[PDB]
Amino acid sequence: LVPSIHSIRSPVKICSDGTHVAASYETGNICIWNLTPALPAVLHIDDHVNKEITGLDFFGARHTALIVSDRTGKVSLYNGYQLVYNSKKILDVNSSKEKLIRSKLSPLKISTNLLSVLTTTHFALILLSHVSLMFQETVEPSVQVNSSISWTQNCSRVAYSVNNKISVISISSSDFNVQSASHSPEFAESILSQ
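These remarks concern the structure in this document. (Residues numbered from 1 in each chain as written, not as in the entry; some residues may be left out. Part of a larger assembly, values for the part shown. Heavy atoms only, no water. Residues with missing side-chain atoms left out of burial classes, pairs and counts.)

### Quick look at the overall build of the chain
Rules: Numbering of helices and strands runs from the N terminus; a helix is a DSSP stretch of H or I covering at least four residues, while a strand is a stretch of E covering at least two. Note on method: radius of gyration uses C-alpha positions; expected globular size equals 2.2 Å times residues raised to 0.38.
Across its full length, the chain carries 0 helices and 14 strands. Secondary structure elements of the chain occur, N-terminal to C-terminal, as β-β-β-β-β-β-β-β-β-β-β-β-β-β. Computed over C-alpha atoms, the radius of gyration of the chain comes to 18 Å, within 12% of the 16 Å expected from 2.2 N^0.38 for 194 residues, which places it in the range of a compact globule. Referenced to the eigenvectors of the C-alpha coordinate spread, the extents of the chain come out at roughly 55 × 35 × 30 Å.

Structural data, given as structure tokens:
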């Protein structure tokens, strides 16, 4: 993934269908390759360039739509119109001492659209599948970066560990209802990372 081709000078920074490859350029750019000749480029994205890139991942079967997370753009809506991905901002949460740490494709009947926003002042999750909020818990405002968040493959619970602290909230997949939550005790050492 790069025959008159050359390696990409940009350093490396969730297509469930397995038909494309996404490369995260270190300059806030994203490259798409059609997935021993290299895979030809399919698209280039520079919206996240000159800005923080919290995370990104393909929208499952909706390969045309691309989910991209930024500490400034925050909630958006991207659709693939060889479909060019055009995105319109939905809501920005860069202010009020809130910054998006990371976000990618959710766990994978209810469509997978519950997206979590890891904000330092208060973490939350908006359950888009009108669009509502899955939950909102006031996180420690010290950050406002040993923070990470993931969702179980069963889509029944999602954990999040920040510094020497952790908390797991269990939410139903098909019903899209938060079953319960529990904040784990503070660890003796900072959590570097399932």
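### Some points on the sheet that holds strand 10 (residues 135-137)
What counts, and what does not: We treat two strands as partners when DSSP finds at least two bridges between them. Lines fitted to the C-alpha atoms define the axes, with helices restricted to the stretch that makes contact. Angles between their N-to-C directions range from 0 to 180 degrees.
Across the sheet, which stays open at both edges, the 3 strands sit in the order 8-9-10 with antiparallel pairing between neighbours. In this open sheet, the two edge strands, each paired with only one partner strand, are strand 8 (114-117) and strand 10. Each strand axis lies, on average, 10° off the axis of its neighbour in the sheet, ignoring direction. Direction of pairing for strand 8 relative to strand 9 (residues 123-127): antiparallel, over a ladder of 4 bridges. Looking at strand 9, one finds that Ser 116 is bridged to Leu 125.

### A look at the sheet that holds strand 11 (residues 147-151)
Pairing between the strands of a sheet comes from backbone hydrogen bonds, and it takes one of two forms, parallel or antiparallel. In spatial order, the strands read 11-12-13-14; together these 4 strands make up an open sheet with antiparallel pairing. Both edges of this open sheet fall to strand 11 and strand 14 (178-184), since each of them pairs with a single strand only. On average, each strand axis in the sheet is inclined to that of its neighbour by 10°, with strand direction left out of account. Note that strand 11 and strand 12 (residues 157-162) share 5 bridges and pair antiparallel. Looking at strand 12, one finds that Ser 150 is bridged to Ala 159.

### Quick word on the environment of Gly 28
Rule in force here: Whether two residues are in contact is decided by their heavy atoms: any pair within 4.5 Å suffices.
Looking at where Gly 28 falls in the secondary structure, it is placed in the loop between strand 1 (20-24) and strand 2 (30-34). Taking the C-alpha atoms as reference, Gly 28 lies 19 Å from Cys 15; in sequence the two are 13 residues apart. Not counting residues up to four positions away in its chain, the partners in contact with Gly 28 are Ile 45, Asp 46, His 48 and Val 49.

### Things to note about unusual backbone geometry
Backbone geometry at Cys 155 places phi at a positive 60°, although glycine is not the residue there. Residues other than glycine seldom take positive phi values, yet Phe 176 does so here, at roughly 55°. Residue placement: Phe 176 occurs in the loop between strand 13 (165-171) and strand 14.

### Focus on the environment of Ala 181
Inspection of the secondary structure assignment puts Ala 181 in strand 14. Counting along the chain gives 30 residues from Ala 181 to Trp 151, while the straight-line C-alpha distance between them is 13 Å. Other than its neighbours up to four places away in sequence, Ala 181 contacts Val 168 and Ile 169.

### A look at the pairing of strand 9
In sequence, strand 8 turns back onto strand 9 through a hairpin of 5 residues. Relative to strand 10, strand 9 is paired through 3 bridges, and the arrangement is antiparallel. Its bridge partner being in strand 10, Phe 123 is matched across the sheet by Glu 137.

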